[PDB]
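Counted the way UniProt numbering counts, the sequence shown spans residues 21 to 241.
Using N, Cα and C, we set each Cβ at its ideal position, and we do this for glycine too.
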Amino acid sequence: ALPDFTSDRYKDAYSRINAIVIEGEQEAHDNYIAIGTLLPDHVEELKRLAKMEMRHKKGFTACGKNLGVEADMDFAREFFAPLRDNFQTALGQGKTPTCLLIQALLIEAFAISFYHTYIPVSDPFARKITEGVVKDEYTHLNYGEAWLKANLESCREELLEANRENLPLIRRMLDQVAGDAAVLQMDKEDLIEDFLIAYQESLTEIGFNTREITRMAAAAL
Ligand SMILES: CCCCCC(=O)O
Ligand SMILES: [Fe+3]
Ligand SMILES: [Fe+3]
Numbered sequence: 021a022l023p024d025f026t027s028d029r030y031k032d033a034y035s036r037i038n039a040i041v042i043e044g045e046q047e048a049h050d051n052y053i054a055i056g057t058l059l060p061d062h063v064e065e066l067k068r069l070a071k072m073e074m075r076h077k078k079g080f081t082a083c084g085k086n087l088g089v090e091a092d093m094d095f096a097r098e099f100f101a102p103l104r105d106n107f108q109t110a111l112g113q114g115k116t117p118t119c120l121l122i123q124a125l126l127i128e129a130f131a132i133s134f135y136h137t138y139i140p141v142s143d144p145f146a147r148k149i150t151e152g153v154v155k156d157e158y159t160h161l162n163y164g165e166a167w168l169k170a171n172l173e174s175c176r177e178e179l180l181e182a183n184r185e186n187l188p189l190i191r192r193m194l195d196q197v198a199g200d201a202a203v204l205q206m207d208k209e210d211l212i213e214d215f216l217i218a219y220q221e222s223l224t225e226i227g228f229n230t231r232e233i234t235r236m237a238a239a240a241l
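Laid out in C-alpha cells, this is it:
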C-alpha cells in the first residue's frame, strides 16, 4: 500500500532520503566534471552527463518542496563522505579506472536501484520526476561500461582493488538507508537485489567472467 505522504512519520524519513538523492546528484555532477580533468578529450560528453545530474538534482529538490519537507543536507553529506573521500583520493592520484568504478558503476547502480524501488511507492508528483531520471542513469552506466570495457586489459587489477575498497561502502550505505527507506515503503531486499543486478550486468559488459564477478560481489562481505 502507498504511504501517507502527508504524515509526520513520512515527512521525517523523506527529509533524509530526499537529501541523500539530492546530494548524490550533486556529487555525480561534480564527479563527472572531475573525470574530465583525467580525460580531457572526453570533456564535452562528461559536461553533458554532469548537466543531466543537475537536472535530476533540481527535480528531486522539487519533490521535497512538493511534500513540504526540508532536506537534511548535513545528514546526506555525511552519508556520502566515505565514498566521496575515496573518489577524491583516486582523483588526486590520477586513477581514472577507480574514479569511473566509483561513480559510473557503483553510484549509478545504487541510484538505479533506488529509483526503480522508489517509483512504485512514490507520490504522483515525484513519480513523474523519477520516471524521467532512470533512463538517464542507464546512459551514465553505459558510459562507464564503455570506457572500462575499452581499457580493461590495462586496469583489471586496479578495478579489483577499487571494488574491494568501495563495494563494502555501498553495502554500508544500503544498511544505513534501510530504516528510512522502509518508512517510504521500500524493501531493503529489493534495493540490494536491484543494485547487484545492475552492477553484475555492468561488470559482465566490461568483460569480467562469472568467477571474477562472483569474487567481486563477495567483497561486500
Ligand atoms: C541515489 C543517489 C545517487 C545519485 C547519483 C547519480 O545520479 O548518479
Ligand atoms: Fe543522476
Ligand atoms: Fe547518474
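Any heavy atom of ligand 2 within a distance shorter than 6 Å of the CB on residue i?
i	result
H76	yes
residue 273	Nothing about residue 273 can be read from this structure; the chain reaches only from 21 to 241.
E47	no
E73	yes
In or out: residue i buried (at least 16 other Cβ within 10 Å) or exposed?
i	result
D24	exposed
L120	buried
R231	exposed
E151	exposed
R68	exposed
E157	buried
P117	buried
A82	exposed
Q113	exposed
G164	buried
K85	exposed
Go to residue i, then tell me how far its alpha helix (DSSP H) extends in each direction, as first and last residue.
i	result
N229	Careful: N229 lies outside any alpha helix (DSSP H) and carries neither H nor E.
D61	Where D61 is concerned, there is no enclosing alpha helix (DSSP H), given that its DSSP letter is neither H nor E.
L121	Per DSSP, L121 belongs to no alpha helix (DSSP H) and is neither H nor E.
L161	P144 to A170
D94	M93 to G112
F134	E128 to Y138
Return yes when at least one heavy atom of ligand 1 lies under 6 Å from the C-beta of residue i, else no.
i	result
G84	no
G44	yes
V203	no
Return the Cβ separation of residue i and residue j in integer angstroms, given the expectation that the two are a contact with Cβ distance under 8 Å.
i	j	result
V141	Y30	Not confirmed; about 11 Å, so no contact.
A39	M93	5 Å
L161	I132	7 Å
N106	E178	In fact, because the Cβ distance is near 13 Å, the residues do not count as touching under 8 Å.
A238	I37	Actually they are not in contact, since the Cβ atoms of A238 and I37 sit about 28 Å apart, beyond 8 Å.
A70	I53	5 Å
Under 6 Å from any heavy atom of ligand 3, does the C-beta of residue i make it?
i	result
residue 242	The structure shown does not extend to residue 242, since the chain is modelled only from 21 through 241, so no value can be given for it.
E221	no
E157	yes
- Are the region 184–195 and the region 101–114 touching by the rule of at least three beta carbon pairs closer than 8 Å? yes
- Item | Inter-stretch contact (C-beta, 8 Å, three-pair minimum) for the region 51–65 and the region 213–226 | no
- Message: Tell me whether the region 165–173 and the region 82–89 touch, counting them as touching only if at least three CB pairs, one residue from each stretch, are closer than 8 Å.
- Response: no
- Message: Within 8 Å, do at least three Cβ pairs link the region 45–53 to the region 64–78?
- Response: yes
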